[PDB]
Amino acid sequence: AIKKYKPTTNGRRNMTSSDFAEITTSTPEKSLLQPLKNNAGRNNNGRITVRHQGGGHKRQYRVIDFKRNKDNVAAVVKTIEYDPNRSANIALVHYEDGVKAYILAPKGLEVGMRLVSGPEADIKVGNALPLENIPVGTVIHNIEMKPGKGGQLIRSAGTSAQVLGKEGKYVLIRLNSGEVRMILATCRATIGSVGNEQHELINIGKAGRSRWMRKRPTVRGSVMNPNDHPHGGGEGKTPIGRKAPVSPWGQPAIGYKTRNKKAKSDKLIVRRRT
Amino acid sequence: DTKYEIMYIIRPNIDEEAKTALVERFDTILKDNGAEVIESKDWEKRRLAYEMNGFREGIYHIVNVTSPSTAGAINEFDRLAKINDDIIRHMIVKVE
Amino acid sequence: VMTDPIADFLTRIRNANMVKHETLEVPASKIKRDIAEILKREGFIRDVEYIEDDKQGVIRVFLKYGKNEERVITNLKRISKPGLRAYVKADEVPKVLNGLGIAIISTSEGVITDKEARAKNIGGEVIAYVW
Amino acid sequence: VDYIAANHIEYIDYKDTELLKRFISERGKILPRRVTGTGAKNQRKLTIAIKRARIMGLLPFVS
Amino acid sequence: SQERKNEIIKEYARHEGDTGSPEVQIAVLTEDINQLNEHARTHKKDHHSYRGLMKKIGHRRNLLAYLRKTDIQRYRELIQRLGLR
RNA sequence: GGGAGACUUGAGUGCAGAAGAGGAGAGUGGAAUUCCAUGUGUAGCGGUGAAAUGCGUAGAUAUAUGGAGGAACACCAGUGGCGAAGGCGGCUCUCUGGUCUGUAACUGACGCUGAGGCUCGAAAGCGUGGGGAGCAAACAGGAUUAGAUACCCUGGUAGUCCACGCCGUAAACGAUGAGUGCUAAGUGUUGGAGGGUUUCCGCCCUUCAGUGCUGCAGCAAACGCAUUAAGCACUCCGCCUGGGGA
Ligand SMILES: [K+]
Ligand SMILES: [K+]
Ligand SMILES: [K+]
Ligand SMILES: [K+]
Ligand SMILES: [K+]
Ligand SMILES: [K+]
Ligand SMILES: [K+]
Ligand SMILES: [K+]
Ligand SMILES: [K+]
Ligand SMILES: [Mg+2]
Ligand SMILES: [Mg+2]
Ligand SMILES: [Mg+2]
Ligand SMILES: [Mg+2]
Ligand SMILES: [Mg+2]
Ligand SMILES: [Mg+2]
Ligand SMILES: [Mg+2]
Ligand SMILES: [Mg+2]
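Chains as they are written, first to last, in PDB author numbering: chain G, 2 to 275; chain g, 4 to 99; chain i, 2 to 132; chain s, 14 to 76; chain p, 4 to 88.
Structure follows, in structure tokens:
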């Protein structure tokens, strides 16, 4: 659940966080940890390519098994663990042959559940099947766009998609965004929705907490100089003073669609949203 | 215990052996989940008063069962019957 | 729940008397018998009899109507109530209708009428008026 | 006359479509108990059975 | 459960065949009260059923008050057996 | 009134039965509306007292096929049922309260009322998050009119639905607190019980508890109430003391 802090200090005032009740351990799997460095939004050129990133707490990467292609044996859910890299929680699972792995923790997952993967897997929370074997109307997550590539869609905490129907070699899906699109039936997905649904309700509370989470301050263009931002300049506070608000590079910021107009996936996208 | 009666409609197209396999699968579901399948019969083959799932015909199969009320056999049958495509419509009613 | 069987007795008599019923029946209690016999010997009620059952017994009262079906008992009134008790000293004993009616009183000398109570010069609890 | 009473059947299956059909007007609508002469208790039981039959397709909703 | 009710009746019966008695009635009321508390905790919004529970609680308290008024020893023994306050 | 006993009528339990839109949770069925897609098809459709807005030649309405999804549950249906009140109507299942009728086995007054407290409490409203077909404050346009910030018409946001949490008010009414006992009949109908018949179905008689109507005595200012009292009585509680100000 969400616990709210008493207003002992102005910073602490109105702050909320997760009780982490579901989390069952604080000892990640040494076998599956990998190092990660904070790129701080800088590319191989070393230039800041994405602003407002850097700093914050050090993290170790956890190797998630988005592929879920080990259909030989069932995996028993050993623990539910906190993952610094993703909004959702992860689940450590033991395969009966001794392979350890991490998966996204679906809503309702419990220690001891024996998950299965493959066409014969039953329609149970956490099981993974090719999209063709999933009955219509099912709620799924961790969808992969290309067979064997591993789940890519519907992985944030609390998100979910729904299977709407079949056609040809594709399966109709409503994504978390509400977009309805076709996806190759041979692709896999996991039954259920991503747990930790409460994540969105957290109130960060103070600037220092954003910094912990690796968000550097965001400066409004309206208070920059003309050579810095299209909105910069002017005496006193100023309105936008242009045809429309624009990014620092002049791209309109309100309502201007940026999807490629000749995208190859327009053939597979049935109904758009967002 | 409580006595239930489960009448469900198999799509008419189904093969005889496929129908038999489906019937035994669902009977096994009930038994394993904790019910006592005291009777299972192929009641009739009838036209539907109105088209159901685009079908005007179907095979009505009856299953009289008696299970502890708390047992989830009835609930599991509902889940699996709804998922399965062969069965058009299932009715589970308490019989006194 | 019933809280004053004495008042209920008086009201049973009043209702039966109003409709001029010949008889009435009540659950039997000592004080009810005392009131019934007082009325009997005062001539208000024609007759009294007692039946014994397995609950508490029963008392049956035969009403008295004069010639031309005239009602002998004008009315009954409960004086002392569970909500408020009414106790009268020897000199405080009342007269109902300047003596034409009677007042049933409970005393250490028993259940007696107003005339008897003042003759004995004792007070008590004014159970009822009758006239 | 309460046909159900005369037949003396205290259990009204929602499968006896022949039994149900004698209590619905054309178009599939249900008849009043005042029309059919039946009792109130059996009328309620008939309503439940007819509705169950309709949902399972034994009887028509309309027409 | 009727079977559960009968077994508890036997356990707390004052004498053979004693169905109605402060002890038996209070024990049965306590079991149903505990059972119905679980139901209410599961169904927070079942206000009608909850009023039934409150009536049961009031009835059991009345029986306990009567028993404590009449026989304090039986009252003490009963609260000890049933783990009541 | 106090103490020690006794009793079973009140009260409750046991045992055998009855009905029910009582509550909660999760599902599920059909009609309809709206919208979506595509046929057919051409000039209007829609609406009013009359009109116009509006939609339709970017092909509408209509029309057939489906698809989508929201909401309400036609027929049954009934001064019918259930709930303490608010209120509860598609069907299924899970959980669950209460009520009534028998029997008389049990306890043996354990009961009534109940300030203060606590719980529930239509609609509207509020917070968070969902959902959103229809309807519809606000609002837009067309009419009416002296004016029309309305009635009328075309659209239409919140809301109306869900989960959670607030809010605690209604002509929340039977404008009639609860408990108990007593006091003509007649006739409907709900759920049981017994008997006398009846082959069964069924019909006659008795009775328990509801629900109506009619109607004695009595009450009432009158209107009317009348075993479902506003009659006859007792217990407890809430409340009233000219109108306005308020
Ligand atoms: K703060
Ligand atoms: K995290
Ligand atoms: K900023
Ligand atoms: K500026
Ligand atoms: K199905
Ligand atoms: K019940
Ligand atoms: K709201
Ligand atoms: K009647
Ligand atoms: K004044
Ligand atoms: Mg940024
Ligand atoms: Mg500056
Ligand atoms: Mg510039
Ligand atoms: Mg500027
Ligand atoms: Mg300025
Ligand atoms: Mg509301
Ligand atoms: Mg008020
Ligand atoms: Mg009656």
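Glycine is no exception: its CB is placed at the ideal position from the N, C-alpha and C atoms.
| Item | Value |
| --- | --- |
| Bridge partners - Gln163/G, DSSP secondary structure assignment | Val140/G and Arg175/G |
| Cutoff 7 Å: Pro218/G Cβ touching any chain g Cβ | no |
| Any 3 or more C-beta pairs closer than 8 Å across the segment 58 to 74 of chain G and the segment 31 to 41 of chain G | yes |
| Own chain residues within Cβ distance below 6 Å of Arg67/s, not counting five before or after | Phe74 |
| Cβ contact check for the segment 34 to 50 of chain G and the segment 112 to 123 of chain G: 3 or more pairs under 8 Å | no |
| Within the segment 186 to 219 of chain G, ranges of the beta strand (DSSP E) (whole runs, at least 3 residues) | 189 to 192 |
| Interface partners of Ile86/g on chain G, CB under 8 Å | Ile124 and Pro136 |
| Residues bridged to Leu93/G (per DSSP) | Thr80/G and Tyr103/G |
| Partners in chain g for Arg65/s, counting only beta-carbon separations shorter than 8 Å | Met94 and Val96 |
| Residues near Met146/G by beta carbon distance below 6 Å, same chain, minus five either side | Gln153 |
| In DSSP terms, what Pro28/i is bridged to | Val59/i |
| Chain-order list of residues whose beta-carbon lies under 6 Å from that of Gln56/s (same chain, five-residue window excluded) | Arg46 |
| Quiz: which residues have CB nearer than 5 Å to ligand 13 non-hydrogen atoms | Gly235/G, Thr239/G and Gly242/G |
| 6 Å Cβ shell around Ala17/i - same chain, five flanking residues per side excluded | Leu25 |
| Among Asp35/g, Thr31/g, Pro71/g and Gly61/g, nearest to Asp45/g - alpha-carbon criterion | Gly61/g |
| Contact set between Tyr7/g and chain s, taken where Cβ atoms lie within less than 8 Å | Under the 8 Å cutoff, chain s gives no residues; its nearest Cβ is about 14 Å from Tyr7/g. |
| Supposed close pair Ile141/G, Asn90/G - CB separation, criterion 8 Å | Going by Cβ atoms, the distance from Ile141/G to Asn90/G rounds to 18 Å, so no, they are not a contact pair. |
| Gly209/G versus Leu165/G - alpha carbon distance | 44 Å |
| Collapsed DSSP secondary structure at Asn18/i in the structure displayed | helix |
| Buried or exposed (CB count within 10 angstroms, at least 16 for buried), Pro227/G | exposed |
| contact_flag[the segment 14 to 22 of chain s, the segment 111 to 129 of chain i] where n(CB pairs < 8 Å) is 3 or more | no |
| Ordered list of beta strand (DSSP E) runs contained in the segment 12 to 38 of chain G, each at least 3 residues | 17 to 19 and 34 to 36 |
| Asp84/G beta carbon near ligand 2 (any heavy atom closer than 6 Å) | yes |
| Any residue whose CB is nearer than 6 Å to a heavy atom belonging to ligand 10, listed in chain order | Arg52/G, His53/G and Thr219/G |
| Local Cβ density within 10 Å of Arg52/G, reported as buried at 16 or more and exposed below that | exposed |
| Per DSSP, the bridge partner or partners of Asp48/i | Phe63/i |
| For ligand 5, residues whose Cβ lies under 6 Å from any non-hydrogen atom | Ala84/g, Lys85/g, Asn87/g and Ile90/g |
| Residues bridged to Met183/G (per DSSP) | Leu173/G |
| Backbone CA spacing between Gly23/p and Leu39/p [nearest angstrom] | 21 Å |
| Cβ-based contacts, 8 Å cut-off: residues of the segment 22 to 38 of chain g near chain s | none |
| The segment 2 to 20 of chain i / the segment 20 to 29 of chain g touching (three or more Cβ pairs under 8 Å) | no |
| Pair within 7 Å by beta-carbon distance, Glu180/G and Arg260/G | no |
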